[PDB]
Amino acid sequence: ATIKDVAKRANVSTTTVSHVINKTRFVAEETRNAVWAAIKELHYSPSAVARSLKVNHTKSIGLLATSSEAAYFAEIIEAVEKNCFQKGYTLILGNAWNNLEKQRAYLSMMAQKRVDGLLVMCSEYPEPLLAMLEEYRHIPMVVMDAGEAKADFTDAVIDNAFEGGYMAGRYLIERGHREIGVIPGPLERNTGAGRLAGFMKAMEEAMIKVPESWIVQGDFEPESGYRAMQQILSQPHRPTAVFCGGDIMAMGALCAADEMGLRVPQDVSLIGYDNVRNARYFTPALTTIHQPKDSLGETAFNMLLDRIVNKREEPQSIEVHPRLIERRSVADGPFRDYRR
């Protein structure tokens, strides 16, 4: 049915129907009842399409993600969605896989559907990507995963990935290790280069040099972890500890080690990053830096609703903070006792 149908069945104006449906003005009880009565028999469902046409807002948010399968991403997504729901919003999920065109498409479809705001999680931000985004400065949006603020027309949440890298390297140091290797994620990403550099700073501070044979690039996918660990323990001289850029990648590293008969951490200590929900059940239970995923979603959604409801103009940035989680994959290194 349409509002007209209900109005006729209730013997009232459509204006009236709309008023009871939205509590936008006082309506006599008996009137209000009859309308409800009508609303029910006809089995009426107001049309958000029509409403949005008038009121100029869809109560829809669009997430332009990289992928949603990856544990990391998946945890954030579910976080963002929880908040949309409690605040009445509907989520439009779009994965662009780091593909420009795909991005151009989703962006477009999004604007056409008139999303009240946009949450961007694209991992890498090449100029061209930045370009398109700007062409959409009119839609309120927050990038949730870049280093600093890439754009000047968007809100940003900073993860402090660097102080996260440092924390990791420090722990290793403080545990007795000085022969460390690293499997960073894509250098083109914040959680990639960011973590790595935080980590290398700690190293330079300790005068630890990390030989390039010990730095093998990952892609956040287990296979890459698996493969890198292999290249690392396949060398004559091999590290006593390893900083792995992402948990899922580390899970790959564990496997390879186990397959070459190495023991974690008795033979090689491994420390990861993300603290994904299952990291604790890795074998052995993984020690890693925790990315505050939930608050990362809630924070982003909140900066968005702000710009939305309170029509904020100026771009804001909110920092979030990673913290070390000790588990059972790191063991004392050769220099523990000799440490001042």
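Start at 1 and count along the sequence shown; that's the residue number.
In this crystal structure, the stretch out of 127-135 and 157-165 whose C-alpha atoms carry the higher mean B factor is 127-135.
In this crystal structure, the stretch out of 77-85 and 223-231 whose C-alpha atoms carry the higher mean B factor is 223-231. Per the PDB entry, 39 shows the highest C-alpha temperature factor of the residues 27, 61, 55, 39. In the deposited coordinates, the residue among 195, 177, 114, 189 with the greatest CA B-factor is 189.
In the deposited entry, the Cα temperature factor of residue 9 sits in the top third of values across the chain's modelled residues.
When the modelled residues of the chain are ordered by C-alpha B-factor, residue 315 sits in the highest third. When the modelled residues of the chain are ordered by C-alpha B-factor, residue 240 sits in the lowest third. Among all modelled residues in its chain, residue 106 ranks in the middle third by Cα B-factor. Placement of the Cα temperature factor of residue 207 within the chain: highest third of the modelled residues, per the deposited record.
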